Amino acid sequence: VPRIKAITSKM
Amino acid sequence: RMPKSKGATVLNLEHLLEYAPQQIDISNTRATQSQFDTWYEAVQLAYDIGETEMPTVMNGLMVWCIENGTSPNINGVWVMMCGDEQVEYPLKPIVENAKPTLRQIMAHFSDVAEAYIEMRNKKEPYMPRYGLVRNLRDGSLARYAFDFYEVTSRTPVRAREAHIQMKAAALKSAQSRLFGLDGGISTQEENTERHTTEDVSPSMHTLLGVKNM
Amino acid sequence: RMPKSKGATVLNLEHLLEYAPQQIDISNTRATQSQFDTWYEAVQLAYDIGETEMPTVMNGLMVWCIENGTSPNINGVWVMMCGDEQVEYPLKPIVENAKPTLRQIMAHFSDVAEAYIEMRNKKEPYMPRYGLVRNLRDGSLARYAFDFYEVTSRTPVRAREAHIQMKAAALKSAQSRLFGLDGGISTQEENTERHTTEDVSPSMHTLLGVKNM
Amino acid sequence: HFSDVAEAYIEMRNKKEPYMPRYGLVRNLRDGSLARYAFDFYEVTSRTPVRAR
Amino acid sequence: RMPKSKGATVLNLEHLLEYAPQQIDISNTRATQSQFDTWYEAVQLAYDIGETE
RNA sequence: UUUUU
RNA sequence: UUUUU
RNA sequence: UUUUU
RNA sequence: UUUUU
RNA sequence: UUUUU
């Protein structure tokens, strides 16, 4: 499963 | 006798005789379908995961919530076991988008959670950590030993008693407070008084009534 | 019934049927593998010990923690028994790098600790000092009498009861405080007023309104 | 305007080491899981947890 | 199961199986041997008494 | 851990 | 931030 | 979850 | 609203 | 209804 970035562009 | 207003029954007898909703669909202990869709969409958006890999993450989250509960105060990350590796997912999107509560959202997973616990117990001793904290001494009741389990008309009477006792033991005598500390901090009044070089002191303009002797 | 959003089940049935993680791997009462690796690397770095002699130090630390607990307030040094000699290791790297807590980090050592206690009891009476403080009167329960023991689905019911009673006795009615004394010390306002040789006193510029009679 | 990024950065730094902002050290905040809100320009929103608020 | 970091057990099984310290030697309710020696030497020095008396 | 005179 | 002798 | 020295 | 160094 | 980590 993919890993979630800490600080993404969605925020 | 039917309820009547202004000489007319206020109920539709035919529709009512044909009205057979599922009990879990009209209970207020479970989040509505609209609220569940909102939560699911918000979690998809926050995780940046496509609609095909999302159910796997949902499976992992359901198992993690079986183990560790669905309290509003849970924070940090939850974990999925990808083979022998551990993948960490932030819990903030899961909790901040669950309305009215995370327990009501996860109540939609209750039947699947019970089935999963039974399946895991078919191959090894599998009591959810919630049931270990509650000190439940019966292994055949492991399928109901999670905090988001939804009691239905098909729940066995013994299981219902065990679940209610576990809920009472877990909640204890916790009393809800409607308010925290008020965010208005300033209690004094702003000092609007001038200050000139003619003032005898920073706090007194003059000493008018003062007599030297 | 499965949880559905927008006319589509939100769970992957095949993966879920094949999803069988270990219970201790997904519990939040144990530090994650990443946190454990971070703690282990930080302790290696602080001790300046190679990767070959590090497991021996880990053995010594595990035995010491079985004896003396894993409280956040432990300080000073811990000791290893190199034959008849005593080697002292600082406890600061062990405690300051353990996240979220030292107990969660040492929970990874729980099965080995239980096995070690059983092995030591095979040759002599060996009750961990934690179980002596708790006044546990059963010697056959010595294998669970340490404060970082992790309760699992394989823990015997009697052992689970004893461990929960020991935890309740040790914690008593301790209440957590979120804050200490605030570090902002100054409460007064800075005195910005000038002071010239024309001032009648160090605190008064003049005596303007004063009348002698 | 930087509050969400600051919170995310504090969480990211805490993923690798103990990272409490000096503001939270001056305030003597004894909870490390609340480090992500322990700065003086943090903006409280409707998504802020009640305990964090 | 043993505690593992980066795909490697962090414990030495052979040494641990051979590690049998005395319980009173590793407890923190008793002063360490170094502290005891320091106290004994300080008391000898203060009392001006030989190692035989 | 300490605090047992 | 400073002010801890 | 924490708080068990 | 401000005043959180 | 909530409050079960």
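Numbers restart at 1 for each chain; the letters A, B, ... are given by sequence-line order, proteins then strands. Just the heavy atoms: all of them, side chains too, but no hydrogens, waters or symmetry mates, feed the values below.
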Excluding sequence neighbours, so at least two apart, what forms side-chain hydrogen bond (donor to acceptor under 3.5 Å, both in side chains) with E:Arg30? none
Only counting residues at least two apart or in another chain, list the ones meeting side-chain hydrogen bond (donor to acceptor under 3.5 Å, both in side chains) with B:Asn68. B:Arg129
Mind listing the closest non-hydrogen atom pair of C:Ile66 and C:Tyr116 along with its distance? CD1-CD2, 4.1 Å
Contact residues, [range] to RNA chain J [heavy atom, < 4.0 Å]:
| range | result |
| --- | --- |
| residues 1-17 of chain D | none |
| residues 26-34 of chain C | C:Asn28 |
| residues 143-173 of chain B | B:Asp147, B:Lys167, B:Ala170, B:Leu171 |

Name every residue in residues 95-105 of chain B that has at least one heavy atom under 4.0 Å from any atom of RNA chain H, in order of residue number, or write none if there are no such residues. none
Heavy-atom check, side chain of [X] versus side chain of [Y], under 4.5 Å:
| X | Y | value |
| --- | --- | --- |
| C:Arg177 | D:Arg30 | yes |
| C:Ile94 | C:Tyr47 | yes |
| C:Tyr40 | C:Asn97 | no |
| B:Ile74 | B:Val95 | yes |
| D:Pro49 | D:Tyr37 | yes |

Rounding to the closest angstrom, what is the interatomic distance between H:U1 and J:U3 at atom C1'? 16 Å
Inter- and intrachain pairs under salt bridge (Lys or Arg N to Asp or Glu O under 4.0 Å), touching [range], at least two apart:
| range | result |
| --- | --- |
| residues 104-114 of chain C | C:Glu114-C:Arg143 |
| residues 181-195 of chain C | C:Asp182-D:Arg27 |
| residues 92-104 of chain C | C:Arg103-C:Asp147 |

Any sub-3.5 Å donor-acceptor pair from C:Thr155's side-chain atoms to C:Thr152's backbone N or O? yes
Map C:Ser176 and C:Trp64 onto RNA chain H by nearest heavy atom, then report which one ends up closer to the 5' terminus. C:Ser176
Qualifying ring pair (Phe, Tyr, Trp, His ring centres under 6.0 Å) pairs, either residue in residues 163-182 of chain B, two or more places apart: B:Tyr149-B:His163
With no hydrogens and no angle check, just 3.5 Å: does a side-chain donor-acceptor pair link B:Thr101 and B:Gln104? no
Under 3.5 Å, is there a donor on one side chain and an acceptor on the other for B:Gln23 and B:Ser153? yes
Annotated structure of RNA chain F as dot-bracket, pair cut-off 3.5 Å, Watson-Crick or G-U only, | for inter-strand, is .....
B:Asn135 CG to B:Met166 CE distance, which is reported to the nearest 0.5 Å: 11.0 Å
Report all interatomic pairs (protein N or O, nucleotide N or O of nucleotides 3-5 of chain F) with separations under 3.5 Å.
none

Classify the nucleic acid contact of B:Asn73 as base, sugar-phosphate or nothing, counting any heavy atom under 4.0 Å across all strands shown. base
Check: C:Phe109 ring centre within less than 6.0 Å of C:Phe148 ring centre: no
Determine, step by step, whether C:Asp25 and B:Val79 satisfy the side-chain contact (heavy atoms from CB on, under 4.5 Å) criterion, reporting the C-alpha distance in whole Å, the side-chain angles of both residues, the deciding distance to 0.1 Å, and the verdict. CA-CA 8 Å; C:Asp25 275 326; B:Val79 288; over 6 Å; no
